[PDB]
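To start, the structure under review is shown below, and the notes come after it.
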Amino acid sequence: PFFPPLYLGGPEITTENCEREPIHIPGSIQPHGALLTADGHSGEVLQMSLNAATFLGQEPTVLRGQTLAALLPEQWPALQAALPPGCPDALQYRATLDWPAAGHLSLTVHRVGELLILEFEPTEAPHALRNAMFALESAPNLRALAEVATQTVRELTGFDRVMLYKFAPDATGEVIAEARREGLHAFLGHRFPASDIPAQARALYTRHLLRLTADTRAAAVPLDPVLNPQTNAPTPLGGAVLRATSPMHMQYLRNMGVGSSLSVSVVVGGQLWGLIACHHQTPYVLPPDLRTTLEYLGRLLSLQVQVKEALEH
Amino acid sequence: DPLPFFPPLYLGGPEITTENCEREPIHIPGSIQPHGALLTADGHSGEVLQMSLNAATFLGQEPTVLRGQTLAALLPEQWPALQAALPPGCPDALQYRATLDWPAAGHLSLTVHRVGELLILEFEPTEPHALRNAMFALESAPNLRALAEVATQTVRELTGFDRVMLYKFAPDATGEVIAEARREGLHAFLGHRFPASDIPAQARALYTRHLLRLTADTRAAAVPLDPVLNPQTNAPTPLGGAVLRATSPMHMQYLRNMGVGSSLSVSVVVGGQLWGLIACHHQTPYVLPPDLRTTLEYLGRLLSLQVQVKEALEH
Ligand SMILES: *C/C=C1/C(=C/c2[nH]c(/C=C3[NH+]=C(/C=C4\NC(=O)C(C=C)=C4C)C(C)=C\3CCC(=O)O)c(CCC(=O)O)c2C)NC(=O)[C@H]1C
Ligand SMILES: *C/C=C1/C(=C/c2[nH]c(/C=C3[NH+]=C(/C=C4\NC(=O)C(C=C)=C4C)C(C)=C\3CCC(=O)O)c(CCC(=O)O)c2C)NC(=O)[C@H]1C
């Protein structure tokens with residue numbers, strides 16, 4: 001099963017009980033964005049991140065009464081149609097708001113049962129993706145495909161280190177390709193225990209295909225209330241990219257000297273084949289539109305891995 | 001019966017009939033569609049060899065001036081990028097794309113690929129979260145039918161085409177329309193089946209390597225290359241990989257007779273085989289700009305993946 005989260009007086013996590021930390025329900029988010037939850041029917045704002053006032057420019061109480069209808073007039077009917085009752089928690093809808101306080105915000109919404117989860121992040125506003133797609137497809141074998149993928153991602157993102165991280169049948173991990181800035185340790189060829197990515201993290205990575213820690217030293221921002229009014233239970237945040245990262249994993253990243261981390265799942269035959277894994281030495285908020293490019297690349301790599309593995313077997 | 005290609009018309013080959021379809025050399029027509037321009041150049045020196053006859057009007061230069069310069073001089077910023085992206089021996093399927101600001105012609109999209117020692121350069125005029133939203137909707141579709149319907153509707157919304165269908169090949173190469181989105185008033189092709197010879201065996205082979213083809217105007221005359229043969233080889237210039245390549249006059253007659261002014265289809269490739277087509281129709285001529293066509297190319301790949309996934313959920 002899972003332990004209760006901390007804020008419901010559950011045990012603190014150790015290397016004895018890695019597998020039991022309820023990473024989906026931390027009750028908090030990373031501070032480079034803001035999150036609101038809301039009722040599926042009424043559009044009634046039920047929870048907000050204590051930092052919402054910053055991003056939205058709204059007097060705190062104003063929000064926690066109001067309706068999405070009021071708050072987002074153009075958007076609220078689109079949401080209603082895009083995310084019908086009963087849809088999967090994996091389905092997401094995005095829009096760009098030109099919002100008074102903040103030039104442009106990206107809005108990302110998904111639905112978990114009766115709750116809409118809304119994420120707001122700063123945003124903005126060429127051929128590198130098309131060029132990359134053809135490059136991946138003409139790679140002659142899996143090894144070269146891995147090399148092209150890591151190089152392409154590094155060029156698109158500027159990340160200090162990009163890895164392709166392949167799982168063995170026992171969930172042992174192996175770095176099979178790597179693109180990195182001069183003057184970093186090489187992780188190429190190295191293998192790591194299964195517990196470095198626990199079973200509960202791997203399952204959630206099979207369904208929700210991108211996550212990040214924008215700053216490995218930033219404090220999480222609580223949800224208020226912490227419990228969903230609807231259920232008097234924790235809000236599931238696994239489908240939210242703003243979700244606070246596990247402190248265990250933040251400790252792991254800090255001990256390696258990483259300041260910003262991001263990975264993308266490569267899913268083949270319904271299973272987690274590996275990850276595009278990115279390190280930066282310093283804090284780094286990759287903007288939403290560039291993340292989208294990596295999300296596309298994730299799908300394309302999933303296709304090409306199967307194609308390429310089929311021409312060996 | 002499968003038989004080798006006839007020589008093209010310009011090398012004294014025969015004219016093509018319903019009898020000998022499968023032998024038309026549709027990859028070497030010696031000509032392009034008039035809404036863009038094409039140059040060929042030597043892959044090592046960058047000497048310009050062939051150009052479409054309309055090139056002066058896209059590029060704003062006399063032929064003899066174009067042909068008298070190397071790509072190093074014509075494309076000083078792109079020439080080194082081309083050479084890195086398209087190394088000798090690379091496959092003909094690999095494409096490099098850039099946007100140019102050309103004085104006379106505005107923003108041009110440049111698409112380049114390499115066939116042996118030849119570079120092929122295509123120039124076309126070029127111009128929010130719809131793709132991301134579509135990607136997730138496709139993935140959440142519960143079964144093959146719902147996927148097919150979401151895919152057709154999405155493509156129609158992105159493009160404005162009068163008719164978007166999902167054409168699926170059977171094992172005998174007969175095809176069947178299994179989903180479609182269509183303009184009000186058009187009659188339905190859903191569930192109709194069409195014989196294998198409608199897309200003969202050599203088109204289907206080409207459609208497995210080069211994943212998008214089109215006919216922007218089913219009545220437009222083709223524009224010859226000049227000279228027609230590659231001076232490197234005194235042989236035909238391979239245009240299989242060029243979206244500007246002229247459509248078979250057989251297929252254009254088949255389209256005009258249906259009332260179709262514009263045609264475009266994307267290959268859906270599963271396990272190395274052509275599974276089906278995103279086929280689109282417009283009643284009037286219609287040019288879809290290169291950046292919009294890129295969205296369809298990306299959806300072609302997504303759909304190939306999702307078709308595998310939906311079919312595996314099915315035994
Ligand atoms: C008690 C268990 C511990 C534990 C937990 C844990 N680990 C993650 C997530 C990740 N761990 C990763 C491991 C590596 N990253 C690398 O770069 C290398 C090699 C150089 C390794 C071995 C990765 C890639 C992830 C994914 C997240 C990311 O991209 O940064 C989690 C889940 C984090 C979250 O989503 O909140 C957890 C709970 N880690 C340990 O080391 C043990 C002691
Ligand atoms: C003598 C041979 C004939 C022939 C040849 C032919 N057909 C193509 C390409 C296509 N044919 C297609 C057929 C259909 N389009 C539809 O809308 C329907 C049904 C409602 C069918 C059956 C399609 C989709 C294509 C693909 C190209 C496109 O999307 O427009 C070629 C190759 C053309 C080229 O690439 O230059 C050839 C040679 N068709 C016949 O009917 C016989 C007489």
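Naming scheme: A, B, ... for chains in displayed order of the structure tokens; residues 1 onward per chain; ligands 1 onward as shown.
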Please return, as a PDB file with C-alpha atoms, in the first residue's frame, all residues of chain A lying within 10 Å of chain B when only C-alpha atoms are considered.
ATOM      1  CA  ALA A  82     -12.437  19.307 -23.641  1.00  0.00           C
ATOM      2  CA  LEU A  83     -12.570  17.458 -20.278  1.00  0.00           C
ATOM      3  CA  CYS A  87     -12.436  11.291 -18.988  1.00  0.00           C
ATOM      4  CA  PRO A  88      -8.972   9.944 -17.953  1.00  0.00           C
ATOM      5  CA  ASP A  89      -6.732  11.924 -15.581  1.00  0.00           C
ATOM      6  CA  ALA A  90      -4.074  11.703 -18.351  1.00  0.00           C
ATOM      7  CA  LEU A  91      -6.053  13.965 -20.709  1.00  0.00           C
ATOM      8  CA  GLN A  92      -4.928  17.579 -20.646  1.00  0.00           C
ATOM      9  CA  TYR A  93      -6.184  20.817 -22.194  1.00  0.00           C
ATOM     10  CA  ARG A  94      -3.968  23.847 -22.616  1.00  0.00           C
ATOM     11  CA  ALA A  95      -4.472  27.540 -23.450  1.00  0.00           C
ATOM     12  CA  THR A  96      -2.472  30.817 -23.353  1.00  0.00           C
ATOM     13  CA  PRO A 126      10.960  26.868 -35.228  1.00  0.00           C
ATOM     14  CA  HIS A 127      12.026  23.983 -37.527  1.00  0.00           C
ATOM     15  CA  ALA A 128      14.278  22.167 -35.042  1.00  0.00           C
ATOM     16  CA  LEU A 129      11.477  19.779 -34.177  1.00  0.00           C
ATOM     17  CA  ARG A 130      10.769  18.825 -37.830  1.00  0.00           C
ATOM     18  CA  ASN A 131      14.507  18.476 -38.464  1.00  0.00           C
ATOM     19  CA  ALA A 132      14.858  16.306 -35.334  1.00  0.00           C
ATOM     20  CA  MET A 133      11.934  14.094 -36.300  1.00  0.00           C
ATOM     21  CA  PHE A 134      13.543  13.204 -39.653  1.00  0.00           C
ATOM     22  CA  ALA A 135      16.953  12.779 -37.983  1.00  0.00           C
ATOM     23  CA  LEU A 136      15.515  10.261 -35.491  1.00  0.00           C
ATOM     24  CA  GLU A 137      13.823   8.340 -38.284  1.00  0.00           C
ATOM     25  CA  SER A 138      16.984   7.977 -40.391  1.00  0.00           C
ATOM     26  CA  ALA A 139      19.172   6.811 -37.467  1.00  0.00           C
ATOM     27  CA  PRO A 140      20.347   3.357 -38.680  1.00  0.00           C
ATOM     28  CA  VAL A 268       6.768   0.840 -25.488  1.00  0.00           C
ATOM     29  CA  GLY A 269       4.104  -1.930 -25.466  1.00  0.00           C
ATOM     30  CA  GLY A 270       2.372  -0.347 -22.459  1.00  0.00           C
ATOM     31  CA  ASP A 289       6.120  25.505 -25.052  1.00  0.00           C
ATOM     32  CA  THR A 292       5.709  20.498 -25.313  1.00  0.00           C
ATOM     33  CA  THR A 293       8.486  19.895 -27.846  1.00  0.00           C
ATOM     34  CA  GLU A 295       6.595  15.731 -24.973  1.00  0.00           C
ATOM     35  CA  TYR A 296       6.307  15.294 -28.769  1.00  0.00           C
ATOM     36  CA  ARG A 299       6.125   9.981 -28.433  1.00  0.00           C
ATOM     37  CA  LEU A 300       8.367   9.956 -31.510  1.00  0.00           C
ATOM     38  CA  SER A 302       8.615   5.602 -28.329  1.00  0.00           C
ATOM     39  CA  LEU A 303       7.685   4.833 -31.968  1.00  0.00           C
ATOM     40  CA  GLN A 304      11.278   4.689 -33.222  1.00  0.00           C
ATOM     41  CA  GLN A 306       9.998  -0.168 -31.338  1.00  0.00           C
ATOM     42  CA  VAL A 307      10.841   0.223 -35.027  1.00  0.00           C
ATOM     43  CA  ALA A 310      12.210  -4.854 -34.407  1.00  0.00           C
ATOM     44  CA  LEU A 311      15.044  -4.658 -36.981  1.00  0.00           C
TER      45      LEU A 311
END
Once DSSP has gone over the backbone, tell me which residues of stretch 25-267 of chain A are in helix (DSSP H, G or I), as JSON, numbers by chain.
{"A": [52, 53, 54, 55, 56, 60, 61, 62, 63, 64, 65, 68, 69, 70, 71, 75, 76, 77, 78, 79, 80, 81, 82, 128, 129, 130, 131, 132, 133, 134, 135, 136, 137, 138, 142, 143, 144, 145, 146, 147, 148, 149, 150, 151, 152, 153, 154, 155, 156, 157, 194, 195, 196, 199, 200, 201, 202, 203, 204, 205, 206, 207, 247, 248, 249, 250, 251, 252, 253, 254, 255]}
Can I get the residues close to ligand 2 as a ChimeraX atom specification, where close means within 6 Å and we count only C-alpha atoms and all ligand atoms?
/B:17-18,21,26,194,197-200,203,214,247-248,250-251,254,263-265,279
Do a neighbour search on stretch 238-240 of chain A at 12 Å with only C-alpha atoms, toss out local chain neighbours closer than 3 positions, and write the hits as an MDAnalysis selection string.
chainID A and resid 22:30 33:37 88:92 107:112 116:120 200:212 234:235 243:246
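Compared by their closest atoms to residue B:111, and using only C-alpha atoms, the residues B:40, B:218, B:230, B:45 rank with B:40 nearest.
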Find the residues around residue B:54 up to 8 Å (only C-alpha atoms counted), leave out those fewer than 2 positions away in its own chain, and share them as a PDB file with C-alpha atoms, in the first residue's frame.
ATOM      1  CA  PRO B  34       3.654  25.332 -60.093  1.00  0.00           C
ATOM      2  CA  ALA B  37      10.216  26.091 -57.319  1.00  0.00           C
ATOM      3  CA  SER B  52      12.280  24.356 -62.566  1.00  0.00           C
ATOM      4  CA  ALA B  56      13.197  33.043 -61.840  1.00  0.00           C
ATOM      5  CA  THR B  57       9.757  34.162 -60.685  1.00  0.00           C
ATOM      6  CA  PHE B  58      10.104  32.667 -57.205  1.00  0.00           C
ATOM      7  CA  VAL B 223       6.528  22.863 -64.759  1.00  0.00           C
TER       8      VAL B 223
END
Could you list, as a ChimeraX atom specification, all protein and nucleic acid residues with an atom at most 8 Å from ligand 1, counting only C-alpha atoms and all ligand atoms?
/A:13-19,21,23-24,163,165,173,175,187,190-193,195-198,200-201,211-213,243-250,252-253,256,261-264,275,277-279
Residue B:259 environment, 12 Å, only C-alpha atoms, sequence neighbours closer than 5 positions dropped, as a PyMOL selection string:
chain B and resi 162-163+186+217-219+252-254+281-285
Would you mind exporting the chosen residues as a compact mmCIF listing (two decimals), in the first residue's frame, restricted to C-alpha atoms?
# COMPACT_ATOMS: atom_id res chain seq x y z
CA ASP B 162 -13.89 19.68 -47.45
CA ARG B 163 -13.31 15.95 -46.81
CA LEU B 186 -21.15 15.98 -49.50
CA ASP B 217 -4.58 22.02 -58.19
CA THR B 218 -5.80 19.01 -60.21
CA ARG B 219 -5.97 21.11 -63.38
CA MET B 252 -5.19 13.64 -61.72
CA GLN B 253 -7.82 12.40 -64.23
CA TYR B 254 -9.19 10.15 -61.49
CA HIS B 281 -10.11 16.36 -50.54
CA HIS B 282 -11.00 19.97 -51.39
CA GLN B 283 -13.38 20.92 -54.17
CA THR B 284 -11.38 24.00 -55.14
CA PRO B 285 -7.61 24.26 -55.60
